[PDB]
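**Q** Attaching a single structure in structure tokens format; questions to follow.
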Ligand SMILES: [Cl-]
Ligand SMILES: [Cl-]
């Protein structure tokens with residue numbers, strides 16, 4: 161009888177760190193919704213007055229927030245066994261880490277936070300494109316009704332791809348904690364003046 165792996169590995173934020181990022185995320189969806197530049201380009205955000217984004221991203225993580233590394237599906241996913249067998253993964257299991265979050269973003273599908281992993285933390289990132304490894308690292312804050320949390324990372328990569336070309340353009344707003352950027356196609360990004368640090372434990376979720 162074999163030992164099945166978790167649903168996925170990842171950094172799970174503490175109560176206080178989750179509380180902080182959660183409320184910060186809420187404050188962002190409230191300011192963005194009330195903002196002038198957003199109300200203008202609302203046609204490219206919804207096919208259908214004001215839109216309250218906190219309600220729009222109705223599906224939100226219930227307990228503590230997290231930053232996933234490798235989706236394993238208890239060993240069914242490709243490379244799950246290989247990832248879990250790594251010394252660095254087994255060594256890091258249950259240990260605390262400090263994740264740096266550089267920006268919060270919003271798309272028609274998801275709302276999340278961009279994670280900038282350290283070189284130490286990148287060793288825990290699966291190497292199973301076009302952007303540097305770990306660019307997909309994120310914390311999902313919310314999803315639209317028929318969107319799956321896996322979308323959040325994909326949305327982030329799409330936004331970072333627009334940053335490669337430099338389609339970010341000039342900041343279309345100054346929020347209390349950073350500069351607002353309009354990427355188009357209902358995509359928005361808040362570059363934080365100060366990268367907020369969150370405390371999290373690297374472990375495995377079984378669900
Ligand atoms: Cl903040
Ligand atoms: Cl969808």
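In PDB author numbering, the protein residues as written are 161 to 208, 213 to 292, 300 to 378.
All residues carry an ideal CB built from backbone N, CA and C; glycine is no exception.
1. Are residue 260 and residue 370 touching if we call contact CB-CB under 8 Å?
2. For ligand 2, enumerate in chain order all residues having a CB closer than 6 Å to any of its heavy atoms.
3. Considering only heavy atoms of ligand 1, list every residue whose Cβ is less than 6 Å from one of them, following chain order.
4. What residue range does the beta strand (DSSP E) around residue 370 cover?
5. Tell me the rounded alpha-carbon separation between residue 218 and residue 161.
6. Going by CA-CA distance only, name the one from 197, 315 and 329 that's closest to residue 309.
7. Considering just the uninterrupted stretch of the beta strand (DSSP E) at residue 257, what are its terminal residues?
8. What is the C-beta distance between residue 335 and residue 342, in whole angstroms, given that I count them as a contact (C-beta under 8 Å)?
9. If residue 366 and residue 264 are in contact, beta carbons under 8 Å, what's the gap, nearest whole angstrom?
**A** According to the data block:
1. Yes, they are a contact pair.
2. 273, 317 and 318
3. 184, 348 and 367
4. That run of the beta strand (DSSP E) goes 358–376.
5. 46 Å
6. Ranking 197, 315 and 329 by Cα distance to residue 309 puts 329 first.
7. Here residue 257 belongs to no beta strand (DSSP E), and DSSP marks it neither H nor E.
8. Wrong, their Cβ atoms sit about 18 Å apart, outside the cutoff.
9. 5 Å
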